[PDB]
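Trainee: experimental structure below, sequence on top.
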Amino acid sequence: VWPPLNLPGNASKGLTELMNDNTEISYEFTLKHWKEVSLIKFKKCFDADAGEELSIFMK
Amino acid sequence: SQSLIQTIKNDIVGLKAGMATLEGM
């Protein structure tokens, strides 16, 4: 899915390759751009959770 | 002449993008 809630900035190429959910994103494609994305908010979480893996803080 | 509307649109959105970059700090 790679669901970013942003990129209103610059790229209609980003628009296409996002709205199609392009499973690939080329590096050479990236090198020709600046400020690709910043998922910057203060709202909620994404693809992660905390309070598990009992090994760490038991060691 | 009427192409200038989309020209200034994309240019000003690029400018707001630059403003975000400035917010980068």
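Mentor: Thanks, I have the structure now. Numbering: from 1, shown residues only, chains lettered A, B, ... in the order given.

Trainee: show me where the chain has helices.
Mentor: As the question left the chain open, I've gone with chain A. A:12-19, A:27-31 (DSSP state H).

Trainee: meant chain B actually
Mentor: B:4-23.

Trainee: closest residue of it to chain A?
Mentor: Nearest to chain A in chain B, going by CB to the nearest CB, is residue B:17, at a distance of 3.8 Å. Where C-beta positions appear, they are placed from N, C-alpha and C, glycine not excepted.

Trainee: chain A contacts on chain B?
Mentor: Neighbours of chain A within chain B, by CB under 8 Å from any CB of the partner chain: B:13, B:14, B:16, B:17, B:20, B:21.

Trainee: these two touch, right, the third one and residue A:35?
Mentor: If I follow you right, that is residue B:16. No: using CB atoms under 8 Å, residue B:16 is not in contact with residue A:35, being 11.5 Å away.

Trainee: joint contacts of those two?
Mentor: Jointly contacting residue B:16 and residue A:35 under the rule CB atoms under 8 Å, 6 or more residues apart in numbering or on different chains are residue A:9.
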